[PDB]
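Novice: Using only what follows, build the 3D model:
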Amino acid sequence: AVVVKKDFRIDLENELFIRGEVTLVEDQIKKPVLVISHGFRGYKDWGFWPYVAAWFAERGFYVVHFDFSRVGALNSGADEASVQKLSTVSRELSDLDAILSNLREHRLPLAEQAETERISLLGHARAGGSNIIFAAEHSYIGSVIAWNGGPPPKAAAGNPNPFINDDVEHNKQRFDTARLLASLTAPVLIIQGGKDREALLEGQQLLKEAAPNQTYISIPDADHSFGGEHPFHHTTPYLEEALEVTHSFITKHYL
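Specialist: Numbers count the residues shown, from 1 in each chain. Structure as follows:
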């Protein structure tokens with residue numbers, strides 16, 4: 001019944017780093033892994049993430065959630081250009097490869113309790129898209145769930161961030177989650193709340209039309225955070241729905 005939380009830090013090139021936590025209920029058996037990715041404006045202690053990590057730990061998962069390295073750079077006093085360059089989708093994918101590599105090499109806390117043959121991803125908002133990319137590109141990711149994201153990462157037209165513009169420009173095919181979802185044979189679930197941006201709803205419709213093989217769940221009255229914005233004093237019906245549906249999807253491998 002006791003949820004334990006273990007901090008870790010992965011040191012990257014230069015002075016970049018990822019701070020994260022392993023969350024689990026200890027016992028004798030190896031537990032399926034859920035790796036969680038926060039959205040563009042998020043961080044591992046934001047909003048619903050502490051609750052969500054503990055929620056999956058109470059249901060028998062070895063949970064990893066973490067600050068993308070742009071977060072650590074910002075908290076370290078990096079200048080605007082530095083944080084901007086670290087804010088690309090390519091950088092998210094690199095950060096994820098570091099997280100997954102440390103996990104799969106059994107370097108994270110309490111590694112003997114992780115079943116790395118059963119790894120799933122959960123990504124929010126823009127990390128919904130990056131997680132689909134990562135899942136499609138790595139055979140060892142067994143399923144992926146996107147919350148209020150999933151459509152291809154966009155540069156708007158010309159973003160305030162020129163590094164994001166160059167990234168999108170040079171990865172048009174690589175980041176095309178419509179193609180990726182259509183050919184990915186592993187189960188993908190996208191959950192979208194109906195009170196989100198109109199452009200995102202249109203993108204989700206296009207994605208569903210491109211990959212009718214995957215699984216799509218609408219929560220019509222839910223907003224971009226399922227109501228779980230900061231600080232998290234209590235859960236909401238929308239977040240509880242998203243969690244139960246996601247849990248059912250991971251464990252059943254289908255709905």
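
Novice: Which residues are in contact with the closest residue in space to residue 125 that isn't next to it in sequence?
Specialist: If the residues on either side of it in the chain are set aside, residue 125 comes closest to residue 39, at 3.2 Å by C-beta to C-beta, 6 or more residues apart in numbering. Where C-beta positions appear, they are placed from N, C-alpha and C, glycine not excepted. Residues counted as contacts of residue 39 (C-beta atoms under 8 Å, 6 or more residues apart in numbering) are 124-127, 148-149.

Novice: Please tell me how far residue 39 sits from residue 251.
Specialist: In this structure, residue 39 lies at 24 Å from residue 251, with C-beta to C-beta, to the nearest Å as the measure.

Novice: How about residue 74?
Specialist: Taken as C-beta to C-beta, the span from residue 74 to residue 251 is 36 Å.

Novice: Of the two, give the one with the bigger neighbour count.
Specialist: The residue with more neighbours, out of residue 74 and residue 251 and counting by other C-beta atoms under 10 Å, is residue 74; that gives 17 against 12.

Novice: Residue 83 is in contact with the more buried one, correct?
Specialist: Yes: counting by C-beta atoms under 8 Å, residue 74 sits close enough to residue 83 to count as a contact (5.0 Å).

Novice: In three-state terms, how would the residue positioned nearest the centre of the chain be classified?
Specialist: The residue lying closest to the centre of the chain (C-alpha atoms, centre = their mean) is residue 123, at 2.1 Å. Three-state secondary structure (criterion: DSSP: H, G, I helix; E, B strand; the rest coil) places residue 123 in strand.

Novice: Who is it paired with across the strands?
Specialist: When bridges are called by DSSP bridges, residue 123 pairs up with residue 37, residue 146.

Novice: Identify the residues contacting it.
Specialist: Applying C-beta under 8 Å, 6+ apart to residue 123 gives the contacts 36-37, 129-132, 144-147, 149.

Novice: Do you have the helices of the chain handy? List them.
Specialist: Using DSSP state H, the helices of the chain run over 49-58, 69-75, 80-85, 89-104, 126-137, 162-170, 177-183, 198-210, 237-252.

Novice: deepest of those, which one?
Specialist: Most buried of these by mean neighbour count (mean count of other C-beta atoms under 10 Å) is helix 126-137; its value is a mean of 25.

Novice: how far out from the middle of the chain is that helix?
Specialist: 8 Å (C-alpha atoms, centre = their mean, to the nearest Å).

Novice: before we move on, what about stretch 45-57?
Specialist: Offset of stretch 45-57 from its chain centre (C-alpha atoms, centre = their mean): 12 Å.

Novice: do stretch 33-47 as well
Specialist: The chain centroid and the centroid of stretch 33-47 are separated by 6 Å, computed with C-alpha atoms, centre = their mean.

Novice: Only the buried residues of that stretch, if you could.
Specialist: The neighbour-count criterion (16 or more other C-beta atoms under 10 Å) identifies 33-40, 42-47 as the buried residues of stretch 33-47.

Novice: Residue 9: which of those residues is nearest?
Specialist: Looking at the buried residues of stretch 33-47 and their distance to residue 9, the nearest is residue 44, at 11.9 Å (C-beta to C-beta).

Novice: Does residue 163 touch residue 83 like I think?
Specialist: No: assessed by C-beta under 8 Å, residue 163 is found out of contact with residue 83, at 9.9 Å.
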